[PDB]
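Have a look at the structure below, then the notes.
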Amino acid sequence: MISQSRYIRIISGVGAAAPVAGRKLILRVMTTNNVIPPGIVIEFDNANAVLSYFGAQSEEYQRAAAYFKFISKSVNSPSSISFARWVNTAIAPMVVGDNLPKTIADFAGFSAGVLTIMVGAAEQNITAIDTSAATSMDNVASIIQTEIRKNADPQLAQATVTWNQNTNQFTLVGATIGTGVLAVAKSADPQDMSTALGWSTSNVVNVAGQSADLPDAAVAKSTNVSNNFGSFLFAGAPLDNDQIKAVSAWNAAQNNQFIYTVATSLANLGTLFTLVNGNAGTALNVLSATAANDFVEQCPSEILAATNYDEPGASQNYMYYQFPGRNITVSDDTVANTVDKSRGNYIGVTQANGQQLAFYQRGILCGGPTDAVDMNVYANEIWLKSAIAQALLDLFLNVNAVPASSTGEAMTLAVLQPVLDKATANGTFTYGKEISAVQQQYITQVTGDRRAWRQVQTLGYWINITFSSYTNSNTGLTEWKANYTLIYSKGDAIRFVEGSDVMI
Amino acid sequence: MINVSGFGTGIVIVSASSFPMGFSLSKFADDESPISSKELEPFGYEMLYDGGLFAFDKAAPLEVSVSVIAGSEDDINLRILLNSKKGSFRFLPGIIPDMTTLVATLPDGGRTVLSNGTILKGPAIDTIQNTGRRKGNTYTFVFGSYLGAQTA
Amino acid sequence: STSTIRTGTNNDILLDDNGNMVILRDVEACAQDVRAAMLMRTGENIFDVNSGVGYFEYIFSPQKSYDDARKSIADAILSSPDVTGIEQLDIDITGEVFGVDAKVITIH
Amino acid sequence: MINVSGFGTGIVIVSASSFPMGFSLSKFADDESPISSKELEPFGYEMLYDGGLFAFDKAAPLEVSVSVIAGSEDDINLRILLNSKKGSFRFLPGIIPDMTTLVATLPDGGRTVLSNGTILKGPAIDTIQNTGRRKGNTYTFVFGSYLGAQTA
Amino acid sequence: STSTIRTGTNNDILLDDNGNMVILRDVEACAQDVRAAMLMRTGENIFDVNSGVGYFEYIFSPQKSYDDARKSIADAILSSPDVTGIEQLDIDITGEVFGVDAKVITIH
């Protein structure tokens, strides 16, 4: 008798719901699992979705389960995660096109004249396939496989098929490895499988056979597909030193965009530190040989992802956070000093015999003398760069023209003002800190104006914009560009406490 | 020889809601002072019972007056700002709804920015003087953030 | 009016050459007690919860005001049997370290 | 070039009861300002004890002043309007007796309408300066609502 | 301190695969109960008249102030066993839709 939803609609929903728009700082995992197509990234909002897509036995489900269950000092949760594939070895071409629960065994009555068209190197067609029985989807998959094998094409002469159950896709696989391209097209035959099957209909993922590649190239391609993440990671087996060094160098090529977190043992720190001196943006974590891995390397990523940047008082310390699930690695002063000199991170135990205290101790991060070392500064710079870029693009897209005069620079200041207000309320800027003589000289050297150090001591930042002319490499013509300089006082967090008391 | 001329000064006003992109002022009235302000008074003092002196901080606003030629486009824009109603504009409160930011440039290159404030008072209709002219309209702002930009 | 057992720079009983434990008289006992109280942390005293310095909630964690840490430390310095009042408290929070300085008042 | 001349302007005044059809003003005095007004203050501000600033909304009226040559027809029309007493006749609920509407036309073509108001002060008999002539009579209005239409 | 039986997007009893009704604990029960209370409307609850939301008197009908609708909705959100206070209420009124948004506060 007509429905409530036509006049009144309440969505409800449990608390702690925070709609957000902007750059997301979430974990990205590069895996060697076969299920993930090479060219696609997937985002999940819950551990249950990951469980349904991958299954309990998978390492990825364990990683996601550990990752999601985490609470910061201000109650918050990562609320997102992303996945991507790294092909370790050469692969055959393949296709996949189903996501929706189309499979309810509707193959009955579809036996007559199966004319699915497979667009390989040369156009070829399939013959009639019996599906009236429709006993089981694996059976009909084997039937289709046999009918494909009936063809004489080199790629289809040894092709295979596979059907997964928890997720619902149908997959083809080519014969040779590392070369070849396949395609599938629908036809005018009314009873064709391709329309009913996942492939050849709307969003269908296709794969081109191609050889093995270095991990850095894989992560570069993944970024080229999308870059809405932070603090990526390699799962599975540990990588050797050379590959890690290459990835660290590639990450350092980008200027403060992501964090490279790796896992390693105590005996291995002597090698890596010499190799990866400088190369900012890389985190080293100590792993226990005896016990299970417990995924220690994810801790900075979880801490970063839990951070909210719009609300005030956002900057947080990395020195004191407790992970009950994880294990304990170091318990002595000597080993702690050696690890600190090696610039490593770990979970150190302060005691037994009572309630235990352990926490992810060093918030330091390997890098050169010029770049920031602490993690919180790195995260704040990431957020600041993102916000500045977004503001500038908004200006360019909204105003009709930006004259190369004082009005243009006034407009630029006007646009950048809200971002600086948000930053100073957030906590990435600090005020009142004392400035050393060498620091004052450095500031005056960087920007030609003197007395700017007073500005950065009082307000915490100093900005200036000028415009000039240049010529680009692609075309001999010349254009006009704007240059700004930004100097600000870095944020800090408490690590060590000094005290003293006198009786009188 | 120090050049204190005010020729070529430009001012840009941007508003949170009414004028999200902002406009510029270039036509400044002739008979009235184009821009002026009251003196900042951020410190106080009181005399002690002994005879000494004590000094302390104090809250202090900033007021700015701007005058333009009647009938210009800038007059229309500031009239829109004045007529905008604060009670409306459903928006997140506590941040001074419809915050307005002003940026002013000096001929040398000096730039100053002021935020956390809104227009306060101004005229409603034009005024005729005995000479037959129209008096230059004047508007008054107020700001809270004394952003110390005096770059060269 | 107070008394306690002398301990070294580490929080262990210190014995003299003769092998006799010494019972410190007033003043010095007050210094030992206030040092121990400021070093004792919250959530550890079984049979008296909510006593100690809330380091992990009020200092190490990111905070808004820092007044709460000052109140907690001032309370911790108090509750000693002999301490009367607090004259100074600084809370430098300069550089990387969290500086603290205080001078208290005893009856004697 | 901006033409800010006031020559050629005109005023039309409509009254609810005394002058249902309205009359026109054309003879404006010489020694005193023809049309004058006070500043409009629809906004206010208050200080917080932490040093911040808070801005709110305030109720403000609008006052207008006109002056005409003594002895003209407009002077006696305004005298009748002033001498009309609000005690007599009746009114629709929440309307104010004798809601007087004023329409002013600028020479270029722009104009403005003002409503919800009435006259409130004026001269009663002529004044004579020592030079031997008569002062220009001045009258003051007040209005609650207004508008702007500056295109023609 | 509250509990109820889970229902689906339509207001009918929802059963799991095992065929057992589930008794929701707190928090989630609060969400279900507050949704149901806001969806009830006044005038039909026998044994307690004048409880519900006056839709046909205060929202759908042409109105002067719209404050009464806000009061009625605030009351309907209250009277739940666990709800303590209301943090926000919006009442948008944009286009044809009558936007409503709220954030509720519970003991737990």
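First chain written, first letter: the chains are A, B, C, D and E, and each begins at residue 1.
The criterion applied here is as follows: contacts are C-beta pairs under 8 Å (C-beta built on N, C-alpha and C of every residue); 3 or more make two chains touch, one makes a residue touch a chain.
The chain list, named the UniProt way, goes like this: A = Tail sheath protein; B, D = Structural protein; C, E = Phage protein.
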Item to check | Distance in touch steps, counted as few as possible, from chain B (Structural protein) out to chain C (Phage protein) | outcome: 2
Checklist entry - Between chain pairs A-B and A-E, which one is joined by a greater number of C-beta pairs in contact? => result A-B
Checklist entry - Taking each chain's centre as the mean of its CA atoms, which one is farthest from the centre of chain D (Structural protein)? => result C
Checklist entry - Centre to centre, by mean C-alpha position, how many angstrom separate chain B (Structural protein) and chain E (Phage protein)? => result 48
Item to check | chain A (Tail sheath protein) and chain E (Phage protein): spacing of chain centres that average the CA atoms, whole Å | outcome: 40
Checklist entry - With chain centres defined as C-alpha means, what is the inter-centre distance between chain B (Structural protein) and chain D (Structural protein) in Å? => result 29
Next on the checklist: Counting only Cα atoms for the centres, state how far chain C (Phage protein) is from chain D (Structural protein) in Å.
Outcome noted: 76
Checklist entry - What residues in chain D (Structural protein) touch two or more of the other chains? => result none
Item to check | Multi-partner residues of chain C (Phage protein) (at least 2 other chains) | outcome: none
Item to check | All chain pairs that touch each other | outcome: A-B, A-C, A-E, B-D
Checklist entry - Taking the complex as given, what residues does chain A (Tail sheath protein) use to touch chain B (Structural protein)? => result 398-399, 406-407, 409-411, 413-414, 417, 421, 449, 455, 458-459, 463-464
Checklist outcome for this item: In the complex, the residues of chain B (Structural protein) that touch chain A (Tail sheath protein) are 10, 12, 14, 21-22, 24, 101, 103, 105, 109, 111, 113, 115, 147-149, 151-152
Item to check | Residue numbers on chain B (Structural protein) that touch chain D (Structural protein), as the complex places them | outcome: 27, 59, 61, 69-72, 76, 79, 82-83, 85-87, 96, 116-130, 132-134, 142, 144
Next on the checklist: Could you list, by residue number, the parts of chain C (Phage protein) that touch chain A (Tail sheath protein) in their complex?
Outcome noted: 27, 30-31, 34-35, 38, 56, 59-64, 77, 92-94, 96-106
Checklist entry - Which residues, counting only chain A (Tail sheath protein), touch chain E (Phage protein) once they are in their complex? => result 4, 8, 10, 12-15
